[PDB]
Every structure is written in C-alpha cells, then in structure tokens.
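Student: Encoded as structure tokens, here's the structure I'll be asking about.
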Amino acid sequence: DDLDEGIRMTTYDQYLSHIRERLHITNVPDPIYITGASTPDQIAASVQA
Amino acid sequence: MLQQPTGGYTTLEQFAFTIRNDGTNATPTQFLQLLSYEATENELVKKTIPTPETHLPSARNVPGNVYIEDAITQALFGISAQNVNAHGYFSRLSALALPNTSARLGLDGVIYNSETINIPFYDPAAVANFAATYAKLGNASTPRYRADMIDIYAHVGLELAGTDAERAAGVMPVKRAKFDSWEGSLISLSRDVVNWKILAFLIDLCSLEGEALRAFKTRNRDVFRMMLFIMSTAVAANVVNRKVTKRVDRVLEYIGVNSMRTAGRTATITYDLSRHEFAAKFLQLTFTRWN
Numbered sequence: 841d842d843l844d845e846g847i848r849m850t851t852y853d854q855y856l857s858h859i860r861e862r863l864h865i866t867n868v869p870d871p872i873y874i875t876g877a878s879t880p881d882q883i884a885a886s887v888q889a
Numbered sequence: 001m002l003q004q005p006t007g008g009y010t011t012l013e014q015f016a017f018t019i020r021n022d023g024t025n026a027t028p029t030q031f032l033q034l035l036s037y038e039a040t041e042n043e044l045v046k047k048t049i050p051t052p053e054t055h056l057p058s059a060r061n062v063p064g065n066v067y068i069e070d071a072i073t074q075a076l077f078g079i080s081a082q083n084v085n086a087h088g089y090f091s092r093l094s095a096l097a098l099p100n101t102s103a104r105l106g107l108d109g110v111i112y113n114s115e116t117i118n119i120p121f122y123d124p125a126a127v128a129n130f131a132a133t134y135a136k137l138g139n140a141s142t143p144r145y146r147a148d149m150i151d152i153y154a155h156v157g158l159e160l161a162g163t164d165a166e167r168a169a170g171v172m173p174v175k176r177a178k179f180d181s182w183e184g185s186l187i188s189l190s191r192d193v194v195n196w197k198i199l200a201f202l203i204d205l206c207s208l209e210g211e212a213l214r215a216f217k218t219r220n221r222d223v224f225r226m227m228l229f230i231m232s233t234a235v236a237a238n239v240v241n242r243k244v245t246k247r248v249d250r251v252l253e254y255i256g257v258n259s260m261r262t263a264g265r266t267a268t269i270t271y272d273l274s275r276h277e278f279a280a281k282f283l284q285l286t287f288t289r290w291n
C-alpha cells in the first residue's frame, strides 16, 4: 500500500471542465481511449503525443 | 454517455414503453389482443409512398436550448388541446446533422448547445443519421413541401388491424375495431403513451443494421402498433360505445380511412388543422424508414 501509487481515478465531469479545455489550447490530439483489448505498449506512446 | 452494442437503446430497461391498464401495468403486446374487428365493405387499398425531399431547413440561430423531444410527442399524441403549432423552434434538429458539431442531444429529451456537466446523452455518431432524416420534419407546413393528409392513412390501418393474410396482397376490407374498456379509456392511453421517450426508439431505426434490424423490427413491431393506434382514434369518425349486460365496448368507427375531424370531441384525443399537416409529415417520413 502506502496510501499512494496504484491507479489514479477521476470523474468524467471533472476531466472535461479543467483538463479538456486546457489541453485543447495546444495542438495535441485528444487523449486516446483505453482499449477493451490490451495495449500496454502504446498506452504511453499515444499519451506521449 | 450511453452506447449501443447494436442491440440498441431499446434493448434496455432504462426506458421501456408500457401501457397501464387492468389494475396493474402491462406491455403493449398484452393490450392489442383485446382489439377484435369485422368488415363493412369499402376496400382500403395500399397506394405507393412518395419519397421525401432532401432539403433540410435551417435552424435559425437560437440562444438557450429547446426541448426538441417535447414537441415531437406534444403534437402527435398530445392530449390536452394543442393550438396552432405549424410555427415554432421545431428544426433545431438539423444543427446535429453536420459532422463535427458540438451540440449534443441528452437523455430525457433536450438539445444542448454545449455538452454541460452531469448530463447523460446519446452517442454523437448515431444521432447524426437520426437527424439527416428527421430534421427534415422542420418544413412540415411550408407550402409545396407538406405531405398529403389522406393516402398515408391507408398505410396506417393495414398495420395495426391488418392480418398478414391481407398485407401480402396489398388490399384489405375497411374494418370497425372494438375492444373492451373501462372509464376514461381513449383519453387515458394518451396521458399514458405521451411520456414514453420516443427518441429512444427512432434513433435505433436509422442505425441498427440488417443483422440487428430484422431482430429489432420483430420485438418492436408492437411498440409501433401502439403509438399508431392512439394516433388513429384522433381521426376516426365515431367512438360510440356498445353495451352488453354489464360490459362496455369502445367501437371505433372506421380505422384506416381518414376523415378530417375527431370523433372524440370530449370522449377522445383531438387534432387540429395545423396538426393534420404535421401527422402526415411524420407518418410519411417514418414509414420509408420502417418499411
């Protein structure tokens, strides 16, 4: 444990208000959708862009 | 932000179309069994249906947001007297028809300009095809565009009261349909079928593909034969109720033949001149998509 690490969860409405209108100012393609299949390869590669 | 697995939003318990009668709540399928009919000898033959016109009206700039869904039902099955409605914010729909738009269509039956916080809405991709067909309902009273309020009704009666043995030949004998009733009856089904979430149905028609369209049309050919019955008693010439010993029947004059004024007056739901043009524009637009 440590009350830290693990995974970071946030509600969709909090995302659209703060994160979505701010990453939108720059010319970066919108965040990639999590795959139903596994993509532990490009998860950060598409997040890199 | 609900999505469809190609089962469609109708394959869901979120919103389901159920009539209330018999002291408990029942599904449309159970109701229709009560509708028994005979023949009166005036052949109601199936004509052809002319294709709609592609031109889409323009959603004149409008701030705020109108309840696009409200009016769709508030005209068709609206019970309480509805005044002239040929005018109105009835075509904000087309503002969803274009590819990249931000305007979203929520659940409950609203059309937001910008998706706002905490509001569940249909999928932005499958609401596009629904618009490129129904936004065309904006020009319902423009002269040289309006449909014809006579021939479509022939199509309607062959649906809710046509035994297949007949539709396969395209011709049927005019019927007089009577089921058994209770108190308010015809008016009660209207106050009931109004709040049904019609958008939860129509979206499915323009998206779901042959695999899940043949299966969709089989489980929902009854939710259609319900909002088609009420819409019909707003046309019939008479509503006089026959009497048994203790029982009461709601004989309906001539389903499937269209007159111009309601038999209900007081007994059933009523249309208006501005609504006759509207029902013909809906009934015409929807049949091509269905059939």
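From first to last, the protein sequence lines are chains G and Z.
According to the UniProt record's numbering, numbering within the first sequence proceeds without interruption in unit steps and concludes at 889.
According to the UniProt record's numbering, numbering within the second sequence proceeds without interruption in unit steps and concludes at 291.
Think of the CB as a built atom: it goes at the ideal place given N, C-alpha and C, for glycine as much as any other residue.
Locate the alpha helix (DSSP H) running through Z:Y145, then write down its first and last residues.
Tutor: The residue given as residue 145 of chain Z occupies position 145 in the second sequence. From DSSP, Z:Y145 is part of no alpha helix (DSSP H); its letter is neither H nor E.
Student: Just to confirm, is the Cβ distance from Z:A140 to Z:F287 under 8 Å?
Tutor: As a first step, residue 140 of chain Z must be located in the second sequence, where it is residue number 140. As a first step, residue 287 of chain Z must be located in the second sequence, where it is residue number 287. Their beta carbons are not under 8 Å apart, which means Z:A140 does not touch Z:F287 by this criterion.
Student: Cα separation between G:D853 and G:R860?
Tutor: As a first step, residue 853 of chain G must be located in the first sequence, where it is residue number 13. As a first step, residue 860 of chain G must be located in the first sequence, where it is residue number 20. So the two alpha carbons sit approximately 10 Å from each other.
Student: Can you tell me which of the three DSSP states G:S886 falls into?
Tutor: Translated into the one-based positions of the first sequence, residue 886 of chain G becomes position 46. Of the three classes helix, strand and coil, the one that applies to G:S886 here is helix, per DSSP.
Student: Z:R289 and Z:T133: beta carbons closer than 8 Å?
Tutor: Position 289 of the second sequence, counted from the start, is the residue given in the question as residue 289 of chain Z. Position 133 of the second sequence, counted from the start, is the residue given in the question as residue 133 of chain Z. Closer than 8 Å, so yes.
Student: At what residues does the beta strand (DSSP E) containing Z:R92 begin and finish?
Tutor: Taking the second sequence and counting its residues from 1, one reaches residue 92 of chain Z at position 92. Z:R92 -> no beta strand (DSSP E), and no H or E assigned at all.
Student: Alpha carbon to alpha carbon, how far is Z:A280 from Z:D148?
Tutor: For the purposes of this step, residue 280 of chain Z is taken as the residue at position 280 of the second sequence. For the purposes of this step, residue 148 of chain Z is taken as the residue at position 148 of the second sequence. For Z:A280 and Z:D148, the distance between alpha carbons rounds to 6 Å.
Student: Locate the beta strand (DSSP E) running through Z:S36, then write down its first and last residues.
Tutor: Your numbering for residue 36 of chain Z matches position 36 in the second sequence. Looking at the DSSP string, the run of the beta strand (DSSP E) that includes Z:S36 is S36 to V45.
Student: What residues in its chain sit with their C-beta under 6 Å from that of Z:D151, if we drop five residues either side in the sequence?
Tutor: Here the question's residue 151 of chain Z lines up with position 151 in the second sequence. Within the same chain, Z:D151 has close Cβ partners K47.
Student: Could you please give the first and the last residue of the uninterrupted alpha helix (DSSP H) stretch that includes Z:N25?
Tutor: For the purposes of this step, residue 25 of chain Z is taken as the residue at position 25 of the second sequence. No alpha helix (DSSP H) holds Z:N25; the beta strand (DSSP E) holding it covers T24 to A26.
Student: At which residues does the alpha helix (DSSP H) containing Z:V110 begin and terminate?
Tutor: Here residue 110 of chain Z is taken as the residue at index 110 of the second sequence, counted from 1. Neither: Z:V110 is in no alpha helix (DSSP H) and is coded neither H nor E.
Student: Assign Z:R167 to one of three DSSP states: helix, strand, or coil.
Tutor: As a position in the second sequence, residue 167 of chain Z is number 167, starting the count at 1. Z:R167 falls in the helix class under three-state DSSP.
Student: Quick check on Z:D249: does DSSP put it in helix, strand or coil?
Tutor: Here residue 249 of chain Z refers to the residue found at position 249 when the second sequence is read from its first residue. Of the three classes helix, strand and coil, the one that applies to Z:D249 here is strand, per DSSP.
Student: Give the C-beta separation of Z:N238 and Z:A263 to the nearest angstrom, bearing in mind that I take them to be a contact with Cβ-Cβ under 8 Å.
Tutor: The residue labelled residue 238 of chain Z in the question sits at position 238 within the second sequence. The residue labelled residue 263 of chain Z in the question sits at position 263 within the second sequence. Yes, Z:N238 and Z:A263 are in contact; Cβ-Cβ is about 5 Å, under 8 Å.
Student: In chain order, what residues of the same chain have a beta carbon less than 7 Å from the beta carbon of Z:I187, not counting five sequence neighbours either side?
Tutor: Against the second sequence, residue 187 of chain Z aligns to sequence position 187. Contacts found: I79, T268 and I269.
Student: In angstroms, rounded to a whole number, what distance separates the CA positions of Z:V174 and Z:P124?
Tutor: On the second sequence, position 174 is the one that residue 174 of chain Z refers to. On the second sequence, position 124 is the one that residue 124 of chain Z refers to. Each residue's Cα considered, the two are about 44 Å apart.
Student: State the DSSP-derived secondary structure class of Z:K217, mapped to helix, strand or coil.
Tutor: If you number the second sequence from 1, residue 217 of chain Z lands on position 217. Correct three-state label for Z:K217: helix.
Student: By the DSSP assignment, the beta strand (DSSP E) with Z:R20 in it spans what residues?
Tutor: Taking the second sequence and counting its residues from 1, one reaches residue 20 of chain Z at position 20. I19 to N21 is the span of the beta strand (DSSP E), which, as asked, contains Z:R20.
Student: Hey, quick one: how far does the alpha helix (DSSP H) through Z:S188 stretch, first residue to last?
Tutor: Start at 1 with the first residue of the second sequence, and residue 188 of chain Z comes out as number 188. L186 to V193 is the span of the alpha helix (DSSP H), which, as asked, contains Z:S188.
Student: For a test of the three-state rule: what should DSSP assign to G:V868, helix, strand or coil?
Tutor: For the purposes of this step, residue 868 of chain G is taken as the residue at position 28 of the first sequence. Correct three-state label for G:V868: coil.
Student: Count the other C-beta atoms from every protein chain shown that fall within 10 angstroms of the C-beta of Z:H155, then say buried if there are 16 or more, exposed otherwise.
Tutor: On the second sequence, position 155 is the one that residue 155 of chain Z refers to. Buried is the call here.
Student: Could you spell out the range, first to last residue, of the alpha helix (DSSP H) harbouring G:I847?
Tutor: Translated into positions along the first sequence, residue 847 of chain G becomes position 7. Premise fails: G:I847 is in no alpha helix (DSSP H) and is neither H nor E.
Student: Quick one: grab the DSSP three-state call for Z:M231.
Tutor: Stepping through the second sequence from its first residue, residue 231 of chain Z is reached at position 231. Z:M231: helix per DSSP, three-state reduction.
Student: Return helix, strand or coil for Z:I152, following the three-state DSSP convention.
Tutor: In the second sequence, the residue the question calls residue 152 of chain Z occupies position 152. Here Z:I152 sits in helix by DSSP.
Student: Just verifying my parser: in three-state terms, what is the DSSP assignment at Z:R242?
Tutor: The residue labelled residue 242 of chain Z in the question sits at position 242 within the second sequence. It is a strand residue.
Student: Please state whether the Cβ-Cβ distance between Z:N85 and Z:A75 is less than 8 Å.
Tutor: The residue labelled residue 85 of chain Z in the question sits at position 85 within the second sequence. The residue labelled residue 75 of chain Z in the question sits at position 75 within the second sequence. Yes, Cβ-Cβ distance for Z:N85 and Z:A75 is below 8 Å.
Student: Let's see if you can read the secondary structure: which residues bound the alpha helix (DSSP H) around Z:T286?
Tutor: Taking the first residue of the second sequence as 1, we reach residue 286 of chain Z at position 286. Note, Z:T286: alpha helix (DSSP H), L273 to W290.
Student: Just grab the DSSP bridge partners of residue 341 of chain Z for me.
Tutor: Any property of residue 341 of chain Z remains undetermined from this structure, which presents chain Z solely from 1 to 291.
Student: Taking 8 Å as the threshold (C-beta atoms), are Z:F121 and Z:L105 in contact?
Tutor: The sequence position of residue 105 of chain Z within the second sequence is 105, counting from 1. The sequence position of residue 121 of chain Z within the second sequence is 121, counting from 1. Result yes, Cβ atoms of Z:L105 and Z:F121 sit closer than 8 Å.
Student: Is the Cβ-Cβ distance between Z:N42 and Z:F31 less than 8 Å?
Tutor: Numbered from its first residue, the second sequence carries residue 42 of chain Z at position 42. Numbered from its first residue, the second sequence carries residue 31 of chain Z at position 31. No; because the gap between Cβ atoms is not below 8 Å, this pair is not in contact.
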